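Enquirer: Build me a model from this:
(8 chains, ligands or ions: 48)
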Amino acid sequence: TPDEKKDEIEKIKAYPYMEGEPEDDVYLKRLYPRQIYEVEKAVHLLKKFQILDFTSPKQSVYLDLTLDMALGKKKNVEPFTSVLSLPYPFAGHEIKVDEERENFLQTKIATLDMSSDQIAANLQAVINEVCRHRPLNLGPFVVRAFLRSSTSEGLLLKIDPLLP
Amino acid sequence: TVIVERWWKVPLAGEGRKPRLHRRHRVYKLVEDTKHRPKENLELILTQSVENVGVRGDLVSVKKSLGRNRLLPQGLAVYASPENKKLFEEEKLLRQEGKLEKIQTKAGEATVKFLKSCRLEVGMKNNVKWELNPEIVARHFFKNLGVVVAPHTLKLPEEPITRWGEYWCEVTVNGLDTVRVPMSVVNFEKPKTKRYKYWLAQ
Amino acid sequence: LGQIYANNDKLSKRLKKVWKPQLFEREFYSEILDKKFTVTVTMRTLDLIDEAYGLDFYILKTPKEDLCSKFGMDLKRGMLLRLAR
Amino acid sequence: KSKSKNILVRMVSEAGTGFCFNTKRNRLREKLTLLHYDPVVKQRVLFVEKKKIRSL
RNA sequence: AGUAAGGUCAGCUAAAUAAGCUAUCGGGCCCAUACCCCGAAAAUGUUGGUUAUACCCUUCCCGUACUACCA
RNA sequence: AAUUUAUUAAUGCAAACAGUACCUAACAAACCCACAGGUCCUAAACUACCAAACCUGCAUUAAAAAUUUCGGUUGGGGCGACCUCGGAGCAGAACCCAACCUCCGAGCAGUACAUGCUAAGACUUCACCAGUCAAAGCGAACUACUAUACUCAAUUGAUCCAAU
RNA sequence: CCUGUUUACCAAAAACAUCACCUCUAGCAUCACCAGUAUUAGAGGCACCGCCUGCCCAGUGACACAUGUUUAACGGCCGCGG
RNA sequence: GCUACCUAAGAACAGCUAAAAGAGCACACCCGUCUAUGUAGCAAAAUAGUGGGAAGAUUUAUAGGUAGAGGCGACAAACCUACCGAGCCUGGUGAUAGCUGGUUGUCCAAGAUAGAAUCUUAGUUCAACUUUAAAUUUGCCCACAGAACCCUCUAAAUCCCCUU
Ligand SMILES: [K+]
Ligand SMILES: [K+]
Ligand SMILES: [K+]
Ligand SMILES: [K+]
Ligand SMILES: [K+]
Ligand SMILES: [K+]
Ligand SMILES: [Mg+2]
Ligand SMILES: [Mg+2]
Ligand SMILES: [Mg+2]
Ligand SMILES: [Mg+2]
Ligand SMILES: [Mg+2]
Ligand SMILES: [Mg+2]
Ligand SMILES: [Mg+2]
Ligand SMILES: [Mg+2]
Ligand SMILES: [Mg+2]
Ligand SMILES: [Mg+2]
Ligand SMILES: [Mg+2]
Ligand SMILES: [Mg+2]
Ligand SMILES: [Mg+2]
Ligand SMILES: [Mg+2]
Ligand SMILES: [Mg+2]
Ligand SMILES: [Mg+2]
Ligand SMILES: [Mg+2]
Ligand SMILES: [Mg+2]
Ligand SMILES: [Mg+2]
Ligand SMILES: [Mg+2]
Ligand SMILES: [Mg+2]
Ligand SMILES: [Mg+2]
Ligand SMILES: [Mg+2]
Ligand SMILES: [Mg+2]
Ligand SMILES: [Mg+2]
Ligand SMILES: [Mg+2]
Ligand SMILES: [Mg+2]
Ligand SMILES: [Mg+2]
Ligand SMILES: [Mg+2]
Ligand SMILES: [Mg+2]
Ligand SMILES: [Mg+2]
Ligand SMILES: [Mg+2]
Ligand SMILES: [Mg+2]
Ligand SMILES: [Mg+2]
Ligand SMILES: [Mg+2]
Ligand SMILES: [Mg+2]
Ligand SMILES: [Mg+2]
Ligand SMILES: [Mg+2]
Ligand SMILES: [Mg+2]
Ligand SMILES: [Mg+2]
Ligand SMILES: [Mg+2]
Ligand SMILES: [Mg+2]
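Expert: Residues are numbered from 1 along each chain as shown, chains lettered A, B, ... in the order given. Ligands and ions are numbered 1, 2, ... in the order given. You can find the structure just below:
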């Protein structure tokens, strides 16, 4: 277990996060941790940002997954590419891996105009697809999820219920 | 504090008798030096408004170095004694009953200080016709300034904006402090494009 | 002032060892005396004052055998005189 | 002292009684499986080598 | 007088499939010699014992080495 | 030489103490837009550096020291050799018996896996410690196996303590 | 080398010191060095002068760090056969 | 208050040569080369003669400084109050000594002893021997019979052993 790799995985787990909006109506993002968790609200918010930041209705939602693709044993696992077609493919897709191996993957999920239920179903298939490399229960495989559109910032999805 | 114990057992002395100490009882082994223990925070009640600690009447756990050197000597905070705790608890109860707080929570004061000295770049794209509404304006606070602003708290100048220029935005925090921030409507640029053009070159 | 065994082994030499507290210079304000004193204290003294919620409480509450300082007892007499009078 | 040909090993009963005995075997041969009398069960049972004790 | 240690191609060293180098022999090169080139030959001090042998032990022999002190 | 760093110095960490920095690499293939630039094919997430010495604690490397010892046999001591165990001669026939006396060896190996348990009576290296032989009995083996305390001469090390 | 010094009470010397030569360390102030400042100060070797002081950094120590450096530091400065 | 070195402030050094002198000859003065005497001496280091130095790194009076895990030293392991491989006094201290010496009235009796271990062979502990008391029963001396082959001395003898 390399010190640099293990510390980064320890640090990302230690990033604070909170549920719901704070009491203050106007507050800085620095003063409070992340708040937005629900995937259904995330898809609606990504469409909302399309209206506010005037752009094309159809956007590629390149989900970024901070997957713990290591620390199964003292010997870390190696990157691969498991290709599984999504139930609602956008108009088999390879699961790319980071060049720097910083345990974050950039994979397109669905177009922005696609319904949230279809997008959520596509997300669930990816969760099982990425974990297929190391389906062992000895070590956690998913740490954080950031669903971002082409012209929007990611949101810390509550992927913990969707892990099994 | 250095804590040590004797290597050799001291024979019992009994009731009302001092123990008999041989020269071998001077042998000590180090148990623990308290200076190496993890540091604990100090519980204090603030009397004034601090930049980051908080505001008057708030139970704040701060580092012992900060409290003993800055807050206590300068009167910014007092000990969280039961007497002091009850006093401030009654103070806030009366303030709630009298509706005279106007002091903002710990986060709210920092937001106001940031909002006093800040400028928002509302990047609007030239191709698609755009109308500025408080929902759109609050979006740019989250992106550019990194501020989460409720849409209802924003008060636009009520004049529709379709051209690039300078305007003003009134931001209200907790319904108590109203901050008028400058507004700069500039043509939108992609952050990956904008950072390359300006930050990388200069 | 005590003795130690080298490498914490009773079969090794018995050496002389002296443990000294880490002394710090701090300034304390006394509400009763309305004066600030520059007193050499340790980290333990700061904790006792913090637990007593002030220097004035610490001086009055701490018994003579625990203060272990002639200056501390002199401070106690000054505070007690003002309260008495 | 430099010579080393046999080792001392512990044979543990396969009956689960915990009875053990030490025997000598060549270092270069495989682990021993011997039929030895076990007092707890009062009959001969298989014994399997588990750990080496020392070098003889 | 004691004790250590060494004994290997002609020579000198390395390894114990006992090899390399020089020397040695034969051929080539050159009017000739040498250098050079090709090829060949050439040894475990000795005694006995070490499964059996060799590097080991040991018998004997040559040479080598250190010590032989204090009153 | 063994033991030690108490002392001194250097270094490292902790303690104590100031705070200060603020993380950027597009590029339109198509389209839009008078520009400037946009849409589509990612615009995420997420920080960093230095607090001076002094003092104290814990380590490390040195310096300079401290404490203590320097075995025995021996045709005086030193040097050489020797120090434990077994066989043979001296010691011819019960036992025993020395020499820096004469000779040869040992610090294992091999085969079993009941070299399991238990118990009369004995031997004993001139003490002790230690060592040795054992009928019966229990349990096995066995009605082929000079089978029942392996072959073998020595083939080895007490207590404390440590490992489990 | 010289004058000198030493075991008062068995050794006065060839021993020690010494001018000279050389190596090492130090960029500096209010109690030594020094009320001084590298042509200085301290730690050492050797011993005026004259001719000279050769070879060696593998080991030891010191120094310096990327290899390394240093003997006027400790020390060393070969065989066999024809 | 001796001596080693140092500090403050003093003193002494005729005559001759050269006149420059850690220069020469040579008093005072300092030192102590050689010989004799002395050896409980005049003297716990001297006397007599002969010698080294004697304007210099000289000699010397006075007061002061450095103290024993030290001082000081032109290193002689010098010198630090006559005896310094590290002073002296007191205390711990009645240090310890397997080593040496000594160990006090009368009388009688028994009484000479294989070994083993040991940083042990200058000693101890256990055996053996010796002594005292006690218990109860054989002890000693010994008739046959009996106790090994291998091997050169076919030994003197021993062990066992009733009787007596
Ligand atoms: K003799
Ligand atoms: K002389
Ligand atoms: K070197
Ligand atoms: K006299
Ligand atoms: K004096
Ligand atoms: K003795
Ligand atoms: Mg009692
Ligand atoms: Mg007592
Ligand atoms: Mg010490
Ligand atoms: Mg320190
Ligand atoms: Mg001691
Ligand atoms: Mg010894
Ligand atoms: Mg000796
Ligand atoms: Mg001897
Ligand atoms: Mg002899
Ligand atoms: Mg010897
Ligand atoms: Mg015999
Ligand atoms: Mg006998
Ligand atoms: Mg016996
Ligand atoms: Mg039987
Ligand atoms: Mg002179
Ligand atoms: Mg003399
Ligand atoms: Mg003299
Ligand atoms: Mg003399
Ligand atoms: Mg000399
Ligand atoms: Mg100089
Ligand atoms: Mg010399
Ligand atoms: Mg010269
Ligand atoms: Mg030279
Ligand atoms: Mg070198
Ligand atoms: Mg002077
Ligand atoms: Mg004159
Ligand atoms: Mg003169
Ligand atoms: Mg005089
Ligand atoms: Mg003199
Ligand atoms: Mg003269
Ligand atoms: Mg004194
Ligand atoms: Mg002198
Ligand atoms: Mg000398
Ligand atoms: Mg000498
Ligand atoms: Mg004296
Ligand atoms: Mg005595
Ligand atoms: Mg003794
Ligand atoms: Mg008699
Ligand atoms: Mg012994
Ligand atoms: Mg004896
Ligand atoms: Mg008899
Ligand atoms: Mg009889």
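Enquirer: What count of nearby residues applies to the residue lying closest to residue B:19 once chain neighbours are set aside?
Expert: Spatial nearest neighbour of residue B:19, excluding adjacent residues (C-beta to C-beta, 6 or more residues apart in numbering or on different chains): residue B:13 at 4.2 Å. To be clear about C-beta, it is placed using only N, CA and C from the backbone, and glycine gets the same treatment. Other residues near residue B:13 number 11, with proximity taken as other C-beta atoms under 10 Å in any protein chain shown.
Enquirer: what about the helices in the chain?
Expert: In the absence of a named chain, this looks at chain A. Per DSSP state H, chain A carries helices over the ranges A:3-13, A:39-52, A:116-130.
Enquirer: wrong one, chain C
Expert: Using DSSP H, helices in chain C cover C:43-52, C:55-61, C:64-67, C:70-84.
Enquirer: most packed of those?
Expert: The highest mean neighbour count among the helices of chain C, using mean count of other C-beta atoms under 10 Å in any protein chain shown, belongs to helix C:55-61: a mean of 19.
Enquirer: returning to that earlier point: closest one to residue D:42 among the helices of chain C?
Expert: Residue D:42 sits nearest to helix C:43-52 of all the helices of chain C, at 68.5 Å, using C-beta to C-beta.
Enquirer: Report all helices and strands that that closest one contacts.
Expert: Judged by 3 or more C-beta pairs under 8 Å, 6 or more residues apart in numbering or on different chains; DSSP states H and E, the packing partners of helix C:43-52 are strand C:24-30, helix C:55-61.
Enquirer: quick one on the thing from earlier: between the helices of chain C, which one is closest to residue A:148.
Expert: Nearest to residue A:148, of all the helices of chain C, is helix C:43-52, at 47.6 Å by C-beta to C-beta.
Enquirer: Identify the residues contacting the closest one?
Expert: For helix C:43-52, the surrounding residues in contact (C-beta atoms under 8 Å, 6 or more residues apart in numbering or on different chains) are B:1, B:34-35, B:42, B:64, B:68, B:79, C:21-22, C:24, C:26, C:28, C:55, C:58, C:61-62.
Enquirer: mind running it again at 7 Å?
Expert: Residues outside helix C:43-52 that contact it (C-beta atoms under 7 Å, 6 or more residues apart in numbering or on different chains) are B:1, B:35, B:42, B:68, C:22, C:55, C:58, C:61.
Enquirer: Stretch A:9-22 now?
Expert: Applying C-beta under 7 Å, 6+ apart, the set of residues contacting stretch A:9-22 is A:32, A:33, A:34, A:35, A:37, A:66, A:68, A:71, A:143, A:144, A:156, B:107.
Enquirer: same thing with stretch B:186-202?
Expert: Stretch B:186-202 is contacted by residues B:121, B:123, B:124, B:125, B:126, B:164 when judged by C-beta under 7 Å, 6+ apart.
Enquirer: chain center to stretch A:135-149: distance?
Expert: 8 Å (C-alpha atoms, centre = their mean, to the nearest Å).
Enquirer: Can you give me the buried ones in it?
Expert: Buried residues in stretch A:135-149, counted by 16 or more other C-beta atoms under 10 Å in any protein chain shown: A:141, A:142, A:143, A:144, A:145, A:146, A:147, A:148, A:149.
Enquirer: Does it reach chain B?
Expert: No. Stretch A:135-149 lies out of reach of chain B by C-beta under 7 Å from any C-beta of the partner chain, never closer than 12.2 Å.
Enquirer: Residue D:49 - nearest residue in space that isn't next to it in sequence?
Expert: residue D:31 (4.3 Å).
Enquirer: Can you give me the neighbour number for residue 8?
Expert: With no chain named, the answer covers chain A. The number of residues near residue A:8, taken as other C-beta under 10 Å, comes to 15.
Enquirer: ah, I was thinking of chain D
Expert: Neighbour tally, residue D:8, other C-beta under 10 Å: 13.
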